[PDB]
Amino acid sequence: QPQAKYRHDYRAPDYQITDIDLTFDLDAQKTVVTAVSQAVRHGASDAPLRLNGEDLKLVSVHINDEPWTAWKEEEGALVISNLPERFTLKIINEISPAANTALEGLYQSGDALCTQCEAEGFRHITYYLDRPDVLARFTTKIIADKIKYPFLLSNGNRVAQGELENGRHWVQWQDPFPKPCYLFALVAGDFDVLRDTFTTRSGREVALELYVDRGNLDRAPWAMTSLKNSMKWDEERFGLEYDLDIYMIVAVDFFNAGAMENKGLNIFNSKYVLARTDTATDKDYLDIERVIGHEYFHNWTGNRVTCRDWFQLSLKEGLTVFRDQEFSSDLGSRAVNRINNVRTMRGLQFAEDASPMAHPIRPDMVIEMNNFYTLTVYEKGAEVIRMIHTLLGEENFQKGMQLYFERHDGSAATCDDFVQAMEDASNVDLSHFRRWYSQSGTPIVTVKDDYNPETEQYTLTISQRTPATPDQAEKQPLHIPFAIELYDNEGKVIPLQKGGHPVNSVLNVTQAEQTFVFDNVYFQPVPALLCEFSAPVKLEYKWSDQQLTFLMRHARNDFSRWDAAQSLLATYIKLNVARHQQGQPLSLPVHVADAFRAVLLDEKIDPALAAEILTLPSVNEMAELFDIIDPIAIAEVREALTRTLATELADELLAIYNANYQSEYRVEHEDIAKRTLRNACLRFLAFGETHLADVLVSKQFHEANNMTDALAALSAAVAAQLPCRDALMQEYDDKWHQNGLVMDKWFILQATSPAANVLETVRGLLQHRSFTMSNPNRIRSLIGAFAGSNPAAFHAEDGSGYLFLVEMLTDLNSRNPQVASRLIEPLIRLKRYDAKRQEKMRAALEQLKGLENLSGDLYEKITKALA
């Protein structure tokens, strides 16, 4: 069952493989793989070649065409001894795509065959040096039944093709860029193809090809459009062009993650490709955009420069997430992007950094590498890259990117290499900054202020510390870029300065405790603190309600207005959760409701921003405010708050809802912002007088000319338990049952229902005609949404949620351990809950620990959780 691997153990490989020639005789039941690799020894003469392989049937081994006798198979490996220094290795083996339920390696997605090799899936295809610092030039020949698999795709360009007897054919591909094997891809199947072209700024014409299941071609143009937008943006912002002749994307229905950046042949979860205005929401459109961009941006940050080892995952993922965010932000509402990314950081990643699974963005220890494709590596990773950007500014940051590619193009690099490039290009010292790579947990930054009217000085006294996490007992101060702005009482910025000279508004918070003194502060300021969430930290500062509403009215950056609103609410969320636990109803000062009233009626606020201020923090974001989480109190308080605001703001809500009506549906940023505001008003309106609400919601649902508006109405019906809910839910089922992606939204609504009988409805749905345990998207929509997005039901006092999740994980552990491990995450958070909950959650985890054939993926999490 073991065994953890450790970053500090990295060693350069004893052998390299420079070129690999693959042939697949493809069949669902039995695929024959022939792999001819050119190998070179780099380590000691007597070192055996250790190849990784899993679930392979070895047929033969030859070395320079000599059948080899000096080898043995061991657990996960083929160990070949007594080799020359350079030689040709030839392996023949068999695998069975149809048996592959874990969806790693070569597997079946409906009638298609496709691959997923990151992290360590290639070893499920043949015996190989399945480690990302081994880089080979691939040539791939695919042979298959012509009728079942008319399209035979791999990385690169087509260099040969032929027909064979018995209705077979083949295509051979060649990719000139050396690659680690996690970037190998193969697809075989029968597809509709949308083809288009992008012309790079230096005049290279790239053929673009999007492969979708037959009948899905009508849902492809947005994705193709987003790809072109991605290519253009990476040229304009980063100076990067695509480096091949063709760019293929294949949308498949059975896929564990969102998508995969395989060189020239990305494979996508169809969730992040398929859109039409009646099937997909504005959010889907902007997610498709994000993820198409992300995989495209990987071509440089990931493919042209790869990872020395898997502990360096954030080198590509943090950076590529930063890039997808800058892309979304440049194209759309930068404020909305930042706000949402901050909501994700505070509401979801902070929770992980306080969990038993906590790790630094560059982990030190890993048992199952698929457990480290995390909010931390990705989202916190990007926040770290963004801190570098904050510290260097754009021009220097882009010089660091240039030095990074100039030094590392065509190699496997480390996080440390990236930091060094940024430091050397910029001349900004990032020694201390590197500690963000090696330390887990969320720093807490404590600020106290003092204004001195005699000296006309404002002084901030800033402290930091990070609590211990289960993985690390010593913690040390980080280099926290801590952006401020100071406002006079009319809302003007006060120049920051000291002893005659300008001071940078990004303060360098590097120690446990420091003081910063600003001079020439003629009037007592109101500060904005941690502007743009300039570091991924908790901020402890004793805001007055009035300072916060002042900021809501006057802060220069849209984000600071939002964030001031969140700090205003936070006090009253905490108040009312304590009240709720004593049986006391919601209490909200009049002046708080008035601050949201003012936002509804301020004509000068960008509606994109108004919408976000009028979107209350989620139950996950609310949970981050507390030492011990009470999910039932949080959920009832969020409901009560919503009903309070609905009552107090009813007329203003209706007015803004009506004013933002749009007869034309467009996927355009201004339109989206208006719709988002409209629908934010709708959420409150749904909790007004019952009949009025029922009529308004039902009308939106029935008269919508797009899925954004239909879903928002259905969601509101569900959330407020309106009388129309059952009829609208049944209508959506009747209309959409045949469409998995669209039914996923309905599964989410079912799983997150506040109805008393939600669990029972969810169990029933395991037999629904649109549900299947074979499909990860369906799993995550129904089961995962219950456990992870309905904490109130998941954490029902009778413990029924935990038992339900145990039953589901008991199946998934064997079927698909990666989706199992995603779904176990809520149970591993047990120590945030009260003792009675902890006790039932430990018991659920102890049941799981006892499973016959416990996957490594779950073993890792369960062990940390029970510690």
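The numbering used is simple: start at 1 and walk along the sequence shown.
Two stretches are in play, 559-567 and 462-470, and the higher mean C-alpha B-factor belongs to 462-470. Mean CA temperature factor is higher for 686-694 when stretches 686-694 and 544-552 are set side by side in the entry. In this structure the maximum Cα B-factor among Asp709, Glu241, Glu209, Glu75 is found at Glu75. Highest C-alpha temperature factor among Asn427, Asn262, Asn576, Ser618 per the entry: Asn427. Ranked by Cα temperature factor within the chain, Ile292 sits in the lowest third according to the deposited record. Split the chain's modelled residues into thirds by C-alpha temperature factor. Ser663 is in the highest one. Sort the modelled residues of the chain by CA B factor and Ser230 lands in the lowest third. Per the PDB record, residue ranking by Cα B-factor puts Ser440 in the lowest third of the chain. Ranked within its chain, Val33 lands in the lowest third, by CA B factor from the PDB record.
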